[PDB]
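Undergrad: This is the structure, below, for whatever I ask next.
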Amino acid sequence: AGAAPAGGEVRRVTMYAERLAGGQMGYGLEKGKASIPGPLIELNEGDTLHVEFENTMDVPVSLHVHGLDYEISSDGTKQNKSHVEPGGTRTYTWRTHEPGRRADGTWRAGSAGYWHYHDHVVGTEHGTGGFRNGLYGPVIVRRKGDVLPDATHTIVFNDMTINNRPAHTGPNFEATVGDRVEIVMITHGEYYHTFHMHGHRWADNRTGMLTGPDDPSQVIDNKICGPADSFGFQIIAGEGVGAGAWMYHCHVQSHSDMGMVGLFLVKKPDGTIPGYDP
Amino acid sequence: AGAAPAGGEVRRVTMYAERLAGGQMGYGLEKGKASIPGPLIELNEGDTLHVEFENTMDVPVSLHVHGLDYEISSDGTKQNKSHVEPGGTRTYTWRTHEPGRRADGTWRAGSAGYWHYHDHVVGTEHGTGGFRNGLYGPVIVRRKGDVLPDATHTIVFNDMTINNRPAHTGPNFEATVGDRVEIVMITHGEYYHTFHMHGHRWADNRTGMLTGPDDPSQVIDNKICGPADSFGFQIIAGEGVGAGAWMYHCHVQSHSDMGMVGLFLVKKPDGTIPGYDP
Amino acid sequence: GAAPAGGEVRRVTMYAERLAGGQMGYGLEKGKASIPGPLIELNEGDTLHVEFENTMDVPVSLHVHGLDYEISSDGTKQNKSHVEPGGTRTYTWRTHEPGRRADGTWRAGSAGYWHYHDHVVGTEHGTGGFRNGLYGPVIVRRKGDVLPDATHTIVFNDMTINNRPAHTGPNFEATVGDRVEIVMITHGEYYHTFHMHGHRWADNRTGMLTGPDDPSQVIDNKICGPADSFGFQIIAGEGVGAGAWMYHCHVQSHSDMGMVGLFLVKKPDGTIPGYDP
Ligand SMILES: [Cu+2]
Ligand SMILES: [Cu+2]
Ligand SMILES: [Cu+2]
Ligand SMILES: [Cu+2]
Ligand SMILES: [Cu+2]
Ligand SMILES: [Cu+2]
Ligand SMILES: [Cu+2]
Ligand SMILES: [Cu+2]
Ligand SMILES: [Cu+2]
Ligand SMILES: [Cu+2]
Ligand SMILES: [Cu+2]
Ligand SMILES: [Cu+2]
């Protein structure tokens, strides 16, 4: 699989917050193309990204990012007056840095991680109304040398939903046996959850893959997550287990009973899924 | 005594689902010997376990595992038609694999860990009723040269009970000062908990033990866990602290007040527990 | 600086005292009780004898996490190691360095971010002690650990921070570049997720990566439950500059209801751009 290059590029993007169907709100890279979750932002460690942000709505909104570097003027908080007025525009700047050695001899960790952005002013001073409506999205920051996936999928547990979807509507995600699939798992809102995958597992470290044979990270298929937690991993689809409709769910019993469920549809090369009704 | 060997043996076992008193249900290795939690299944990485499984109950049941490799047909789900009908039989196969380097140069995570099995059919299409009833049990998969303990105890925080026991009935576990004790700690149901042990601590990694002086893992005595979380560790009973009645409990305050307490009884070599006057 | 090897025997005096409005707290000097309790810092190898006085009219105890204590310093009713009202008792905490056992395994040492609390007030799990403020931090350093310019303790106790009224911080200030140690402890009934704008840390013992081979997750958001304890050291304003950097629980209803504070990081000229209450 491909390998992430060393960062250092200054990139520039427009992003738009727009109302969607049913009182929903989302970000998009171009006007009329807001989505929930918002578009995935992929950065190589050392990149800078300038986000020419526009709020097309009738209420204040913001863009705030976890993990990445930002001056206070890019917080996306009302307390700092770095939110965006109705119809307004503002340029947010996120930077990243590589790991390295400080002067005090100590080690400065790098920006690599599975991170996210969201709104910080819709509803409350903490964006409670924004998460509900869907103002959240993933950011991946890659380290030089990181393995690249064949497909990246974001699953957000926002209160009692997956991706603001109604219960028992997924979403489902498709791969072929052997595909290197990347999952981005963010939790928002009020409730704790446990993310669980049938038939697959990952390491509980930065990349979800053991570094080598001296990596002591626990290997799990089940992880407790809370509001604003984010992690990610990469799995070889159906490795050791074969093709099939592999179920993923929250393992909080009433949460999986009420529809916090989806399917990881792993197809054989020819396209059919063993033991599945399409 | 000693260390885990290399794996790869094909094993077979018989397993039954039976009713127990009080509307409870359990797994056992022989009829009339079901237990809550179910029997401890131990495997070495590479072993294959065929579970000749009989449902001696009048309602459907299934057998589902975390962490191990299994195909779709051994899912143990109503979904891909692998539950066991009342009075029916099924052979579930579980497989494990050693760590290795993939063709693409990535490091494939092995099966070794503290895992668990449970039903996916009683009550709801998830394990809900089965969990409340007691249909759950531990699986340990050891890697070559993992340190082997003198005794293994399973503690399941299932909803607001420890192993479906009444409030304030533990259970209690005995060891002698110096014993190498292994704890398997599983959680199920609806609530998060925080498992805590008095006078002992473990490392937050696969084994619960620091590999050596370069393992950076947290050293902890308190750990948040949610439904279907599982971890385990080994400790030396009494090490640096001496014999006595060492409390373990969930540390959610109302949880310990309403039953979620037990005792780790560490005896002196003469068998007495100092200061423990029941 | 860096922490030295341990070995020393330490003696300290502690009091459980009542506070205004039905609160309780621990103090090192009599009449100086506080919530959170005083910071206790040890080096691996050290022993601490805490001569302890209950200045109150109901029983109290002193229980610790992570450290080594024999049963007689358990601080529980079960082991009859609580302190009578008006009474005194010496609790002994021991620590140890890591080393290799006779059986060749590696014994993990005592170093870490730990805490002490009450275990008898209200119930035999100190539910009433936690409600009133009887908890505090304990830090145990490994030899060679990097020492901060400052340490601040943040206890999520139910839906309060350090038993404070909602929306009352606390705030903590530093100057850009300073080495700031946060101790973070949760108690009560609720899970929380502790988060900091502008800063991140490693999920390991020290909070910092040991080097380029450390695979720990680097995070700015950490779920935690009652009696969870952890710590980290950040460089104030590193890569992001001065400002009023919020920290808050991220469970949405807990941030909205007051579980919010400021990490006030100033420029060397003392200014904090954009900050105004
Ligand atoms: Cu859930
Ligand atoms: Cu499963
Ligand atoms: Cu399942
Ligand atoms: Cu946030
Ligand atoms: Cu509990
Ligand atoms: Cu304790
Ligand atoms: Cu499960
Ligand atoms: Cu306790
Ligand atoms: Cu909270
Ligand atoms: Cu934030
Ligand atoms: Cu925030
Ligand atoms: Cu405690």
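Residues are named by chain letter and number: chains run A, B, ... in the order of the structure tokens, numbers start at 1 in each chain, and ligands are numbered from 1 in the order shown.
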Give the residue list for ligand 7 at 10 Å, counting only C-alpha atoms and all ligand atoms, as a PyMOL selection string, sorted by chain and then by residue number.
TA: (chain A and resi 196-198+221-222+248-253) or (chain B and resi 64-67+116-120+126-127+131+136+188+227-229)
Undergrad: Taking only C-alpha atoms and all ligand atoms into account, which residues have an atom no farther than 8 Å from ligand 11? I'd like them as number ranges by chain.
TA: A: 64, 77, 120, 126; C: 195-197, 246-248, 250
Undergrad: Would you output that residue set with N, CA and C atoms, as a tab-separated table (two decimals), in the first residue's frame?
TA:
```
chain	number	residue	atom	x	y	z
A	64	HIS	N	-14.04	24.72	14.67
A	64	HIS	CA	-13.04	24.49	15.70
A	64	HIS	C	-12.47	23.09	15.48
A	77	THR	N	-14.43	30.01	18.78
A	77	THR	CA	-15.22	30.18	19.99
A	77	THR	C	-15.75	31.61	20.04
A	120	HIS	N	-18.84	25.18	17.48
A	120	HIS	CA	-18.66	25.53	18.86
A	120	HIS	C	-19.60	26.62	19.36
A	126	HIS	N	-20.96	25.82	23.48
A	126	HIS	CA	-20.23	24.59	23.21
A	126	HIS	C	-20.72	23.78	22.05
C	195	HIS	N	-10.92	17.69	28.19
C	195	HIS	CA	-10.41	18.18	26.91
C	195	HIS	C	-9.80	19.56	27.07
C	196	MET	N	-8.82	19.87	26.23
C	196	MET	CA	-8.12	21.15	26.27
C	196	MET	C	-7.94	21.70	24.87
C	197	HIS	N	-8.47	22.90	24.61
C	197	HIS	CA	-8.14	23.57	23.36
C	197	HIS	C	-6.64	23.86	23.30
C	246	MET	N	-9.53	27.36	26.50
C	246	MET	CA	-10.52	26.64	27.28
C	246	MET	C	-10.09	25.21	27.57
C	247	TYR	N	-10.45	24.75	28.76
C	247	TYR	CA	-10.59	23.34	29.02
C	247	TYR	C	-12.00	23.14	29.54
C	248	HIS	N	-12.56	21.97	29.25
C	248	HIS	CA	-13.92	21.66	29.66
C	248	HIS	C	-14.17	20.17	29.46
C	250	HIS	N	-16.27	17.44	27.86
C	250	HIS	CA	-16.84	17.52	26.53
C	250	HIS	C	-18.17	16.81	26.42
```
Undergrad: Show me which residues sit within 12 Å of ligand 8 when counting only C-alpha atoms and all ligand atoms, and put them as a PyMOL selection string.
TA: (chain B and resi 194-200+221-222+246-253+255-257+260-263) or (chain C and resi 61-66+74-79+115-120+123-127+187+226-227)
Undergrad: Using the chain letters and numbers from this document, which residues of segment 16-99 of chain C does DSSP assign to strand (DSSP E), as a PyMOL selection string?
TA: chain C and resi 16-18+24-27+40-43+47-54+63-64+88-94+99
Undergrad: Write out as a PyMOL selection string every residue belonging to chain C that has an atom at most 6 Å from any atom of chain B, counting only C-alpha atoms.
TA: chain C and resi 68-70+106+127+188-189+204-205+225-226+228
Undergrad: What's around residue 175 of chain B at 10 Å? Count only C-alpha atoms, leave out sequence neighbours fewer than 5 positions away in its own chain, and write the answer as a VMD selection string.
TA: chain B and resid 150 to 151 180 to 181 236 to 238 243 264 to 269 271
Undergrad: Now that the selection is made, can you save its residues with C-alpha atoms as an mmCIF file, in the first residue's frame?
TA:
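Produced file out33.cif, reproduced below:
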```cif
data_model
loop_
_atom_site.group_PDB
_atom_site.id
_atom_site.type_symbol
_atom_site.label_atom_id
_atom_site.label_comp_id
_atom_site.auth_asym_id
_atom_site.auth_seq_id
_atom_site.Cartn_x
_atom_site.Cartn_y
_atom_site.Cartn_z
ATOM 1 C CA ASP B 150 -0.847 -19.945 39.438
ATOM 2 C CA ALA B 151 -4.633 -19.384 39.203
ATOM 3 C CA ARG B 180 0.983 -15.156 40.565
ATOM 4 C CA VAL B 181 -2.698 -14.388 40.088
ATOM 5 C CA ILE B 236 1.810 -10.942 42.638
ATOM 6 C CA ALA B 237 -0.662 -11.290 45.491
ATOM 7 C CA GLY B 238 0.466 -9.158 48.446
ATOM 8 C CA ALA B 243 -1.500 -10.469 53.395
ATOM 9 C CA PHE B 264 -9.281 -10.517 47.288
ATOM 10 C CA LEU B 265 -8.260 -12.617 50.322
ATOM 11 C CA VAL B 266 -4.437 -12.822 50.375
ATOM 12 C CA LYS B 267 -3.357 -15.395 52.984
ATOM 13 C CA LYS B 268 -0.039 -15.732 54.791
ATOM 14 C CA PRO B 269 1.787 -19.016 54.028
ATOM 15 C CA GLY B 271 -3.305 -19.868 55.577
#
```
Undergrad: Grab the atom CA of residue 237 of chain C to atom CA of residue 200 of chain C distance for me, in Å with one decimal place.
TA: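 Spanning atom CA of residue 237 of chain C to atom CA of residue 200 of chain C is a straight-line distance of 10.7 Å.
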Undergrad: Residues near residue 37 of chain C, anyone? I mean within 9 Å using only C-alpha atoms, not counting same-chain ones fewer than 5 positions away, as a PyMOL selection string.
TA: chain C and resi 25-28+116-117+133-137
Undergrad: To one decimal in Å, tell me the separation between atom CA of residue 38 of chain C and atom CA of residue 140 of chain C.
TA: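 Straight-line distance from atom CA of residue 38 of chain C to atom CA of residue 140 of chain C works out to 14.3 Å.
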Undergrad: Which distance in Å separates atom CA of residue 93 of chain C and atom CA of residue 48 of chain C, to one decimal?
TA: 5.1 Å
Undergrad: With a cut-off of 6 Å and counting only C-alpha atoms, select all residues of chain B in contact with chain A and give the selection as an MDAnalysis selection string.
TA: chainID B and resid 69:71 80 107 128 189:190 205:206 226:227 229
Undergrad: For ligand 9, return the neighbouring residues as a PyMOL selection string (distance at most 9 Å; only C-alpha atoms and all ligand atoms).
TA: chain C and resi 156-160+190-194+224+248-255+259
